[PDB]
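File shown: final.pdb. Contents: PDB, C-alpha atoms and all ligand atoms.
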MODEL        1
ATOM      1  CA  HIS A  33      -7.607 159.530  -8.855  1.00  0.00           C
ATOM      2  CA  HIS A  34      -6.037 157.589  -6.030  1.00  0.00           C
ATOM      3  CA  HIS A  35      -6.917 154.031  -7.212  1.00  0.00           C
ATOM      4  CA  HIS A  36      -3.516 152.757  -8.376  1.00  0.00           C
ATOM      5  CA  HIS A  37      -4.695 149.132  -9.088  1.00  0.00           C
ATOM      6  CA  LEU A  38      -2.369 147.613  -6.465  1.00  0.00           C
ATOM      7  CA  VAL A  39      -5.300 145.308  -5.571  1.00  0.00           C
ATOM      8  CA  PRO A  40      -6.849 142.891  -6.277  1.00  0.00           C
ATOM      9  CA  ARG A  41      -3.789 140.605  -6.628  1.00  0.00           C
ATOM     10  CA  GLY A  42      -2.868 137.534  -8.722  1.00  0.00           C
ATOM     11  CA  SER A  43      -3.273 134.038  -7.462  1.00  0.00           C
ATOM     12  CA  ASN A  44      -2.730 130.506  -8.489  1.00  0.00           C
ATOM     13  CA  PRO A  45      -5.700 128.706  -9.932  1.00  0.00           C
ATOM     14  CA  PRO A  46      -7.334 125.867  -8.080  1.00  0.00           C
ATOM     15  CA  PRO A  47      -5.243 122.721  -8.546  1.00  0.00           C
ATOM     16  CA  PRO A  48      -6.382 119.748 -10.615  1.00  0.00           C
ATOM     17  CA  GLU A  49      -8.799 117.397  -8.887  1.00  0.00           C
ATOM     18  CA  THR A  50      -7.420 114.326  -7.207  1.00  0.00           C
ATOM     19  CA  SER A  51     -10.780 112.864  -6.224  1.00  0.00           C
ATOM     20  CA  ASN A  52     -14.050 112.624  -8.027  1.00  0.00           C
ATOM     21  CA  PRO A  53     -16.601 110.084  -6.759  1.00  0.00           C
ATOM     22  CA  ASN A  54     -18.552 109.983 -10.041  1.00  0.00           C
ATOM     23  CA  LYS A  55     -15.470 109.321 -12.184  1.00  0.00           C
ATOM     24  CA  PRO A  56     -15.086 105.692 -13.352  1.00  0.00           C
ATOM     25  CA  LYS A  57     -12.017 104.014 -11.677  1.00  0.00           C
ATOM     26  CA  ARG A  58     -10.233 100.663 -11.773  1.00  0.00           C
ATOM     27  CA  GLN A  59      -7.242  99.028 -10.303  1.00  0.00           C
ATOM     28  CA  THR A  60      -5.080  97.369 -13.005  1.00  0.00           C
ATOM     29  CA  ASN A  61      -1.683  95.751 -13.184  1.00  0.00           C
ATOM     30  CA  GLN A  62      -0.460  98.644 -15.359  1.00  0.00           C
ATOM     31  CA  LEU A  63      -1.690 101.322 -12.926  1.00  0.00           C
ATOM     32  CA  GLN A  64      -0.023  99.565  -9.924  1.00  0.00           C
ATOM     33  CA  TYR A  65       3.235  99.581 -11.954  1.00  0.00           C
ATOM     34  CA  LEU A  66       2.719 103.270 -12.798  1.00  0.00           C
ATOM     35  CA  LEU A  67       2.685 104.041  -9.064  1.00  0.00           C
ATOM     36  CA  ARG A  68       5.212 101.556  -7.638  1.00  0.00           C
ATOM     37  CA  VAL A  69       7.797 101.900 -10.428  1.00  0.00           C
ATOM     38  CA  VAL A  70       7.176 104.870 -12.747  1.00  0.00           C
ATOM     39  CA  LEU A  71       6.013 107.603 -10.416  1.00  0.00           C
ATOM     40  CA  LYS A  72       8.210 106.482  -7.435  1.00  0.00           C
ATOM     41  CA  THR A  73      11.379 106.429  -9.492  1.00  0.00           C
ATOM     42  CA  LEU A  74      10.786 109.840 -11.059  1.00  0.00           C
ATOM     43  CA  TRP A  75       9.727 111.282  -7.663  1.00  0.00           C
ATOM     44  CA  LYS A  76      13.017 110.391  -5.965  1.00  0.00           C
ATOM     45  CA  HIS A  77      15.123 111.880  -8.844  1.00  0.00           C
ATOM     46  CA  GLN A  78      17.155 115.021  -8.101  1.00  0.00           C
ATOM     47  CA  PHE A  79      15.398 116.750 -11.049  1.00  0.00           C
ATOM     48  CA  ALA A  80      11.882 116.063  -9.734  1.00  0.00           C
ATOM     49  CA  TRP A  81      11.397 119.039  -7.481  1.00  0.00           C
ATOM     50  CA  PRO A  82       9.977 121.616  -9.985  1.00  0.00           C
ATOM     51  CA  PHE A  83       7.422 118.946 -10.933  1.00  0.00           C
ATOM     52  CA  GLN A  84       6.384 117.674  -7.456  1.00  0.00           C
ATOM     53  CA  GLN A  85       3.488 120.089  -6.946  1.00  0.00           C
ATOM     54  CA  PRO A  86       1.138 122.334  -8.902  1.00  0.00           C
ATOM     55  CA  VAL A  87       3.139 125.254 -10.268  1.00  0.00           C
ATOM     56  CA  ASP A  88       3.188 128.045  -7.680  1.00  0.00           C
ATOM     57  CA  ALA A  89       3.349 130.929 -10.119  1.00  0.00           C
ATOM     58  CA  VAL A  90       3.005 133.467  -7.278  1.00  0.00           C
ATOM     59  CA  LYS A  91       6.048 132.155  -5.331  1.00  0.00           C
ATOM     60  CA  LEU A  92       8.123 131.571  -8.399  1.00  0.00           C
ATOM     61  CA  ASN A  93       7.346 134.955  -9.866  1.00  0.00           C
ATOM     62  CA  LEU A  94       6.062 133.406 -13.089  1.00  0.00           C
ATOM     63  CA  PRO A  95       2.976 135.617 -13.652  1.00  0.00           C
ATOM     64  CA  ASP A  96       2.588 134.474 -17.240  1.00  0.00           C
ATOM     65  CA  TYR A  97       2.547 130.771 -16.414  1.00  0.00           C
ATOM     66  CA  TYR A  98      -1.256 130.195 -16.231  1.00  0.00           C
ATOM     67  CA  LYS A  99      -1.774 132.614 -19.155  1.00  0.00           C
ATOM     68  CA  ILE A 100       0.173 130.167 -21.318  1.00  0.00           C
ATOM     69  CA  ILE A 101      -0.556 126.825 -19.630  1.00  0.00           C
ATOM     70  CA  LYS A 102      -4.274 126.087 -19.525  1.00  0.00           C
ATOM     71  CA  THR A 103      -4.004 122.350 -18.717  1.00  0.00           C
ATOM     72  CA  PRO A 104      -1.564 122.260 -15.779  1.00  0.00           C
ATOM     73  CA  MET A 105      -0.318 118.954 -14.492  1.00  0.00           C
ATOM     74  CA  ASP A 106       2.327 117.826 -12.055  1.00  0.00           C
ATOM     75  CA  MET A 107       3.631 114.725 -10.320  1.00  0.00           C
ATOM     76  CA  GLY A 108       2.103 115.661  -6.937  1.00  0.00           C
ATOM     77  CA  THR A 109      -1.329 115.558  -8.580  1.00  0.00           C
ATOM     78  CA  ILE A 110      -0.442 112.305 -10.419  1.00  0.00           C
ATOM     79  CA  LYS A 111       0.847 110.716  -7.213  1.00  0.00           C
ATOM     80  CA  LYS A 112      -2.297 111.631  -5.349  1.00  0.00           C
ATOM     81  CA  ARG A 113      -4.466 110.389  -8.252  1.00  0.00           C
ATOM     82  CA  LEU A 114      -2.624 107.026  -8.220  1.00  0.00           C
ATOM     83  CA  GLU A 115      -2.906 106.770  -4.406  1.00  0.00           C
ATOM     84  CA  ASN A 116      -6.630 107.513  -4.708  1.00  0.00           C
ATOM     85  CA  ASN A 117      -7.202 104.985  -7.501  1.00  0.00           C
ATOM     86  CA  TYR A 118      -8.546 107.880  -9.615  1.00  0.00           C
ATOM     87  CA  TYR A 119      -7.762 106.438 -13.025  1.00  0.00           C
ATOM     88  CA  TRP A 120      -9.721 103.982 -15.186  1.00  0.00           C
ATOM     89  CA  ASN A 121      -6.664 102.810 -17.135  1.00  0.00           C
ATOM     90  CA  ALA A 122      -2.996 103.360 -17.735  1.00  0.00           C
ATOM     91  CA  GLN A 123      -3.607 105.709 -20.642  1.00  0.00           C
ATOM     92  CA  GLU A 124      -5.274 108.287 -18.447  1.00  0.00           C
ATOM     93  CA  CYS A 125      -2.276 108.382 -16.138  1.00  0.00           C
ATOM     94  CA  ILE A 126       0.308 108.373 -18.962  1.00  0.00           C
ATOM     95  CA  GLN A 127      -1.563 111.246 -20.581  1.00  0.00           C
ATOM     96  CA  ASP A 128      -1.133 113.215 -17.374  1.00  0.00           C
ATOM     97  CA  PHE A 129       2.631 112.683 -17.513  1.00  0.00           C
ATOM     98  CA  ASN A 130       2.629 113.659 -21.192  1.00  0.00           C
ATOM     99  CA  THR A 131       0.718 116.900 -20.356  1.00  0.00           C
ATOM    100  CA  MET A 132       3.238 117.751 -17.672  1.00  0.00           C
ATOM    101  CA  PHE A 133       6.225 117.322 -19.962  1.00  0.00           C
ATOM    102  CA  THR A 134       4.503 119.106 -22.906  1.00  0.00           C
ATOM    103  CA  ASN A 135       3.661 122.049 -20.646  1.00  0.00           C
ATOM    104  CA  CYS A 136       7.351 122.344 -19.728  1.00  0.00           C
ATOM    105  CA  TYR A 137       8.425 122.332 -23.381  1.00  0.00           C
ATOM    106  CA  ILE A 138       5.810 124.942 -24.291  1.00  0.00           C
ATOM    107  CA  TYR A 139       6.571 127.317 -21.469  1.00  0.00           C
ATOM    108  CA  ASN A 140      10.363 127.325 -21.444  1.00  0.00           C
ATOM    109  CA  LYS A 141      13.143 127.611 -24.038  1.00  0.00           C
ATOM    110  CA  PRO A 142      15.267 124.693 -25.324  1.00  0.00           C
ATOM    111  CA  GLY A 143      18.503 124.470 -23.263  1.00  0.00           C
ATOM    112  CA  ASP A 144      16.941 126.065 -20.170  1.00  0.00           C
ATOM    113  CA  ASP A 145      17.777 124.245 -16.912  1.00  0.00           C
ATOM    114  CA  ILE A 146      14.131 123.303 -16.449  1.00  0.00           C
ATOM    115  CA  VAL A 147      14.028 121.825 -19.930  1.00  0.00           C
ATOM    116  CA  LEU A 148      17.197 119.769 -19.277  1.00  0.00           C
ATOM    117  CA  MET A 149      15.439 118.445 -16.176  1.00  0.00           C
ATOM    118  CA  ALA A 150      12.243 117.544 -18.040  1.00  0.00           C
ATOM    119  CA  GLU A 151      14.229 115.881 -20.859  1.00  0.00           C
ATOM    120  CA  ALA A 152      16.002 113.668 -18.343  1.00  0.00           C
ATOM    121  CA  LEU A 153      12.850 112.789 -16.491  1.00  0.00           C
ATOM    122  CA  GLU A 154      11.060 112.105 -19.808  1.00  0.00           C
ATOM    123  CA  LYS A 155      13.884 109.749 -20.894  1.00  0.00           C
ATOM    124  CA  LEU A 156      13.508 107.807 -17.671  1.00  0.00           C
ATOM    125  CA  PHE A 157       9.707 107.829 -17.969  1.00  0.00           C
ATOM    126  CA  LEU A 158       9.919 106.381 -21.534  1.00  0.00           C
ATOM    127  CA  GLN A 159      12.334 103.669 -20.366  1.00  0.00           C
ATOM    128  CA  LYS A 160      10.032 102.641 -17.563  1.00  0.00           C
ATOM    129  CA  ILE A 161       6.982 102.798 -19.907  1.00  0.00           C
ATOM    130  CA  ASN A 162       8.638 100.332 -22.250  1.00  0.00           C
ATOM    131  CA  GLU A 163       8.610  97.745 -19.412  1.00  0.00           C
ATOM    132  CA  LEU A 164       4.925  98.206 -18.615  1.00  0.00           C
ATOM    133  CA  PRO A 165       3.249  94.812 -18.044  1.00  0.00           C
TER     134      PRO A 165
HETATM  135  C1  LIG A 201      12.303 130.605 -14.671  1.00  0.00           C
HETATM  136  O1  LIG A 201      11.910 130.053 -13.418  1.00  0.00           O
HETATM  137  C2  LIG A 201      11.197 128.833 -13.467  1.00  0.00           C
HETATM  138  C3  LIG A 201      10.682 128.276 -14.668  1.00  0.00           C
HETATM  139  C4  LIG A 201       9.996 127.062 -14.536  1.00  0.00           C
HETATM  140  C5  LIG A 201       9.848 126.508 -13.302  1.00  0.00           C
HETATM  141  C6  LIG A 201      10.317 127.060 -12.165  1.00  0.00           C
HETATM  142  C7  LIG A 201      10.999 128.269 -12.222  1.00  0.00           C
HETATM  143  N1  LIG A 201      11.499 128.962 -11.170  1.00  0.00           N
HETATM  144  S1  LIG A 201      12.576 128.207 -10.120  1.00  0.00           S
HETATM  145  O2  LIG A 201      12.933 129.168  -9.056  1.00  0.00           O
HETATM  146  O3  LIG A 201      12.053 126.914  -9.679  1.00  0.00           O
HETATM  147  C8  LIG A 201      13.944 127.878 -11.147  1.00  0.00           C
HETATM  148  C9  LIG A 201      14.275 126.546 -11.440  1.00  0.00           C
HETATM  149  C10 LIG A 201      15.355 126.265 -12.174  1.00  0.00           C
HETATM  150 BR1  LIG A 201      15.836 124.492 -12.535  1.00  0.00          BR
HETATM  151  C11 LIG A 201      16.147 127.278 -12.734  1.00  0.00           C
HETATM  152  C12 LIG A 201      15.844 128.609 -12.502  1.00  0.00           C
HETATM  153  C13 LIG A 201      14.709 128.899 -11.737  1.00  0.00           C
HETATM  154  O4  LIG A 201      14.294 130.126 -11.365  1.00  0.00           O
HETATM  155  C14 LIG A 201      15.092 131.245 -11.863  1.00  0.00           C
HETATM  156  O5  LIG A 201       9.230 125.269 -13.227  1.00  0.00           O
HETATM  157  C15 LIG A 201       8.115 125.103 -14.107  1.00  0.00           C
HETATM  158  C16 LIG A 201       7.010 125.982 -13.619  1.00  0.00           C
HETATM  159  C17 LIG A 201       7.734 123.639 -14.018  1.00  0.00           C
HETATM  160  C18 LIG A 201       8.450 125.475 -15.458  1.00  0.00           C
HETATM  161  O6  LIG A 201       7.989 124.935 -16.450  1.00  0.00           O
HETATM  162  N2  LIG A 201       9.422 126.430 -15.682  1.00  0.00           N
ENDMDL
END
Take the structure in the file and give it back as structure tokens.
Ligand SMILES: COc1cc2c(cc1NS(=O)(=O)c1cc(Br)ccc1OC)OC(C)(C)C(=O)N2
Amino acid sequence: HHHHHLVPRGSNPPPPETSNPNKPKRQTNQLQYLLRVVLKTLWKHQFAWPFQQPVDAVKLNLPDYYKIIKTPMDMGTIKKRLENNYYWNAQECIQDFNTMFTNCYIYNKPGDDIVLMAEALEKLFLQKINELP
């Protein structure tokens, strides 16, 4: 038999939503700070790049990534959610950051370069969180 299962291929899943008209939303002091200070300082950091977009498991040759990580999250998605006023409160946005960091610590090994990057970003995140209004 000449079917060698070379197709169909893998793919990335659809990315998290960044819009949802029926989701409850608010603008709050805390959410404005989350965009203007928290997200924008992490985004500009030289360790941000692995976290600036949904994980492209196809490009990165990480075929196990979406087998292990079932609640993906990234700063591109968070940025867009903040820009779109998607959240109801600060907790929803903070939880997204916490999911992103937790995913990184699940997927990778302590001491890995990616983990060193997440640790540094998480330290900065926690510092900025402490000055939330
Ligand atoms: C092993 O390659 C990677 C592992 C991760 C990763 C990216 C890669 N591949 S890579 O080419 O971006 C890469 C980044 C660093 Br830092 C070190 C080695 C890498 O690939 C070998 O980012 C995410 C998906 C957020 C992750 O949690 N882990």
(message) Taking only C-alpha atoms and all ligand atoms into account, list the residues no farther than 6 Å from ligand LIG 201 (chain A), as a PyMOL selection string.
(response) chain A and resi 82-83+87+92+136+139-140+145-146
Keeping C-alpha atoms, export the residues of the selection given above as an mmCIF file, in the frame of the given file.
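Final output, saved to part.cif:
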data_model
loop_
_atom_site.group_PDB
_atom_site.id
_atom_site.type_symbol
_atom_site.label_atom_id
_atom_site.label_comp_id
_atom_site.auth_asym_id
_atom_site.auth_seq_id
_atom_site.Cartn_x
_atom_site.Cartn_y
_atom_site.Cartn_z
ATOM 1 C CA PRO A 82 9.977 121.616 -9.985
ATOM 2 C CA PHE A 83 7.422 118.946 -10.933
ATOM 3 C CA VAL A 87 3.139 125.254 -10.268
ATOM 4 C CA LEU A 92 8.123 131.571 -8.399
ATOM 5 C CA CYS A 136 7.351 122.344 -19.728
ATOM 6 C CA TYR A 139 6.571 127.317 -21.469
ATOM 7 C CA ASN A 140 10.363 127.325 -21.444
ATOM 8 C CA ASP A 145 17.777 124.245 -16.912
ATOM 9 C CA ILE A 146 14.131 123.303 -16.449
#
(request) Find the spatial neighbours of residue 65 (chain A), counting all atoms listed in the file, within a cut-off of 12 Å - ignore same-chain residues fewer than 6 positions away - and output them as a ChimeraX atom specification. (result) /A:59,71-73,114,121-122,125-126,160-165
(message) Translate the PyMOL selection byres (((chain A and resi 75) around 12) and not hetatm) into a concrete residue list for this structure, as a VMD selection string.
(response) chain A and resid 66 to 74 76 to 85 106 to 111 153 156 to 157
(message) Show me, as a list in words, the residues that have an atom within 10 Å of residue 52 (chain A) when counting all atoms listed in the file, minus same-chain residues fewer than 6 positions from it.
(response)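 Listed by chain and then number, they are residues 113, 116 and 118 of chain A.
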(message) With distances taken over only C-alpha atoms, which residue among A:132, A:148, A:100, A:105 lies nearest residue 86 (chain A)?
(response)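 Of all the options, A:105 lies closest to residue 86 (chain A).
Considering all atoms listed in the file, the residue among A:39, A:144, A:64, A:155 positioned nearest to residue 120 (chain A) is A:64.
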(request) Name the closest residue to residue 89 (chain A) among the candidates A:51, A:42, A:56, A:135; distances are taken between atoms, counting all atoms listed in the file. (result)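 So, comparing all the options, the nearest one is A:42.
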(message) Would you compute the distance between CA of residue 147 (chain A) and CA of residue 133 (chain A)? Give it in Å to one decimal.
(response)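 Interatomic distance, CA of residue 147 (chain A) to CA of residue 133 (chain A): 9.0 Å.
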(request) Quote the spacing between CA of residue 41 (chain A) and CA of residue 138 (chain A) in Å to one decimal place. (result)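 Going from CA of residue 41 (chain A) over to CA of residue 138 (chain A), I get 25.5 Å.
Between CA of residue 141 (chain A) and CA of residue 97 (chain A) the separation is 13.4 Å.
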Taking all listed atoms of region 85-101 of chain A, build the axis-aligned box, pad each of the six sides by 8 Å, then write its centre and edge lengths in Å to one decimal as AutoDock Vina command-line options.
--center_x 3.2 --center_y 127.9 --center_z -13.3 --size_x 25.9 --size_y 31.5 --size_z 32.0
(request) Find the spatial neighbours of residue 154 (chain A), counting only C-alpha atoms, within a cut-off of 9 Å - ignore same-chain residues fewer than 4 positions away - and output them as JSON, numbers by chain. (result) {"A": [129, 130, 133, 149, 150, 158, 159]}
(request) Quick one: everything within 12 Å of residue 45 (chain A), counting only C-alpha atoms, minus sequence neighbours fewer than 4 positions away in the same chain. Send it as a PyMOL selection string. (result) chain A and resi 49+86-90+95+97-99+101-104
Go ahead and save the picked residues with C-alpha atoms, as a compact mmCIF listing (two decimals), in the coordinates of the input.
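Here's the written file out33.txt:
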# COMPACT_ATOMS: atom_id res chain seq x y z
CA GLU A 49 -8.80 117.40 -8.89
CA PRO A 86 1.14 122.33 -8.90
CA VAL A 87 3.14 125.25 -10.27
CA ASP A 88 3.19 128.04 -7.68
CA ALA A 89 3.35 130.93 -10.12
CA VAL A 90 3.00 133.47 -7.28
CA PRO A 95 2.98 135.62 -13.65
CA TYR A 97 2.55 130.77 -16.41
CA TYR A 98 -1.26 130.20 -16.23
CA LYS A 99 -1.77 132.61 -19.16
CA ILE A 101 -0.56 126.82 -19.63
CA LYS A 102 -4.27 126.09 -19.52
CA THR A 103 -4.00 122.35 -18.72
CA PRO A 104 -1.56 122.26 -15.78
(message) I need the residue nearest residue 119 (chain A) from this list: A:40, A:47, A:60, A:143. Use only C-alpha atoms for the distance.
(response) A:60
From the structure block, carefully write region 100-122 of chain A out with N, CA, C and O atoms; format it as a compact mmCIF listing (two decimals), in the first residue's frame.
# COMPACT_ATOMS: atom_id res chain seq x y z
N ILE A 100 0.64 19.49 24.82
CA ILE A 100 0.88 19.73 26.23
C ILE A 100 0.15 20.95 26.77
O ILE A 100 -0.38 20.99 27.87
N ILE A 101 0.14 22.00 25.95
CA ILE A 101 -0.48 23.29 26.32
C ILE A 101 -1.82 23.48 25.68
O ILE A 101 -1.88 23.67 24.45
N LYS A 102 -2.86 23.32 26.51
CA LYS A 102 -4.26 23.35 26.08
C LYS A 102 -4.93 24.71 26.32
O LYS A 102 -6.02 24.96 25.81
N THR A 103 -4.28 25.60 27.07
CA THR A 103 -4.76 26.96 27.26
C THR A 103 -3.65 27.94 26.85
O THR A 103 -2.98 28.60 27.67
N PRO A 104 -3.32 28.02 25.56
CA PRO A 104 -2.29 28.94 25.12
C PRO A 104 -2.64 30.39 25.38
O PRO A 104 -3.78 30.80 25.39
N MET A 105 -1.59 31.18 25.62
CA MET A 105 -1.73 32.59 25.81
C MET A 105 -0.42 33.27 25.54
O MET A 105 0.67 32.71 25.83
N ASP A 106 -0.50 34.48 25.02
CA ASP A 106 0.70 35.22 24.64
C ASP A 106 0.45 36.69 24.76
O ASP A 106 -0.70 37.15 24.81
N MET A 107 1.53 37.48 24.72
CA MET A 107 1.38 38.94 24.85
C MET A 107 0.78 39.62 23.66
O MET A 107 0.22 40.70 23.83
N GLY A 108 0.89 39.07 22.47
CA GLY A 108 0.21 39.62 21.27
C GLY A 108 -1.30 39.62 21.48
O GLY A 108 -2.00 40.61 21.27
N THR A 109 -1.81 38.45 21.88
CA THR A 109 -3.22 38.31 22.26
C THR A 109 -3.59 39.27 23.39
O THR A 109 -4.64 39.93 23.28
N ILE A 110 -2.79 39.36 24.46
CA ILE A 110 -3.12 40.26 25.56
C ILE A 110 -3.14 41.71 25.09
O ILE A 110 -4.02 42.47 25.45
N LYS A 111 -2.13 42.10 24.32
CA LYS A 111 -2.08 43.45 23.76
C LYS A 111 -3.33 43.77 22.97
O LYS A 111 -3.94 44.86 23.16
N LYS A 112 -3.73 42.85 22.09
CA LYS A 112 -4.88 43.11 21.27
C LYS A 112 -6.14 43.18 22.16
O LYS A 112 -7.06 44.03 21.94
N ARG A 113 -6.20 42.33 23.16
CA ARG A 113 -7.37 42.32 24.08
C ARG A 113 -7.46 43.67 24.81
O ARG A 113 -8.53 44.30 24.92
N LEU A 114 -6.36 44.15 25.33
CA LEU A 114 -6.29 45.48 25.96
C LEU A 114 -6.67 46.56 25.02
O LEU A 114 -7.48 47.44 25.42
N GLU A 115 -6.14 46.55 23.80
CA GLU A 115 -6.48 47.59 22.77
C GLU A 115 -7.95 47.58 22.42
O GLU A 115 -8.55 48.63 22.15
N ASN A 116 -8.56 46.42 22.52
CA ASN A 116 -9.97 46.20 22.14
C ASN A 116 -10.86 46.31 23.33
O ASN A 116 -12.04 46.09 23.19
N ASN A 117 -10.36 46.68 24.49
CA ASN A 117 -11.17 46.82 25.70
C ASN A 117 -11.95 45.53 26.05
O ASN A 117 -13.05 45.58 26.59
N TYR A 118 -11.33 44.38 25.79
CA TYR A 118 -11.94 43.07 25.91
C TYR A 118 -12.25 42.67 27.33
O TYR A 118 -13.13 41.79 27.54
N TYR A 119 -11.49 43.17 28.30
CA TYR A 119 -11.61 42.68 29.66
C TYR A 119 -12.70 43.40 30.49
O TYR A 119 -12.95 44.58 30.28
N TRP A 120 -13.21 42.72 31.47
CA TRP A 120 -14.12 43.33 32.45
C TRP A 120 -13.38 43.91 33.64
O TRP A 120 -13.81 44.92 34.25
N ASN A 121 -12.23 43.31 34.00
CA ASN A 121 -11.46 43.83 35.13
C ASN A 121 -10.02 43.47 34.97
O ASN A 121 -9.62 42.73 34.06
N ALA A 122 -9.23 43.90 35.95
CA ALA A 122 -7.78 43.67 35.89
C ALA A 122 -7.47 42.23 36.06
O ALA A 122 -6.51 41.71 35.42
